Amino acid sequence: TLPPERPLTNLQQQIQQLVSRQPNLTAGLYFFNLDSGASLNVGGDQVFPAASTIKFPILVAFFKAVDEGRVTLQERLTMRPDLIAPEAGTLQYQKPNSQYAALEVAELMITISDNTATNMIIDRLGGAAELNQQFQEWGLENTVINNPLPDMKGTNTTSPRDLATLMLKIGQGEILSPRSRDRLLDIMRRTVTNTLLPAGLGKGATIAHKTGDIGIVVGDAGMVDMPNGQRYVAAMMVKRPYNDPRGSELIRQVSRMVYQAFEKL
């Protein structure tokens, strides 16, 4: 039973000030503390290229199909030539039409952001339109798969609010069965890219999250448990000049600010 949003208006103003004084960076972020209801929303509703953050909603859809018996964890998925994609991933180095357990593929999609793995999962789950439908059903108003991954062009979209709100639902025990939820969270704690939201967290904090980076956009979203007992959801996306390190640094800084604010309180 959740508390109502209570905007941390002063910290929101500080974050707003910070994200707008750097040229050619456009940020959006949404944070929500499950205990205090304290919230931060600075451009959180705005639509952004999803980059690999989209793989999080896809993972939820994978486990839903598993819950519903439509997919099993050990069934074999084929890496068809049409699904193979460059950029992040290890499956692309394997022989085309080799096969992998559905769970292994869903895992790789998140842990290492495997693009071939992602396209395999999207295909197995009925394609982009089918998944877009599901995203709408979960209330994800701006989360849309328009093209296969890696989608470097950035045609796939989401919003910080969409991502955080999905994680909030999952954190609360909605959508997925207990078994599927816990496995999803396990997988989202074993990702290899922890240079954004986690880099602003204090010692002892844990985070289930998924990053996305396509050069023109960088972002991350997840759920943090703090050693003081508190829990919050977090999502931030930054449009930037191609590969600008300022964008990644700005996420670390906002992450830090928020974490330290929740510690004070």
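The first residue of the sequence shown is number 1, and the count goes up from there.
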Entry B factor averaged over C-alpha atoms, 65-73 against 49-57: higher for 65-73
Comparing average C-alpha B factors as deposited, tell me which of 158-166 and 128-136 sits higher. 128-136
Looking at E174, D114, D182, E141, which one carries the largest C-alpha B-factor according to the PDB entry? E141
Going by the CA temperature factor in the PDB record, which third of the chain does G229 belong to: lowest, middle or highest? highest
Record-listed C-alpha B factor of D82: chain third: highest
Cα B factor band for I216 (lowest, middle or highest third within the chain): highest
Lowest, middle or highest third of the chain for the C-alpha temperature factor of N97? highest
Please rank the C-alpha B-factors of the chain's modelled residues and tell me whether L197 sits in the lowest, middle or highest third. lowest
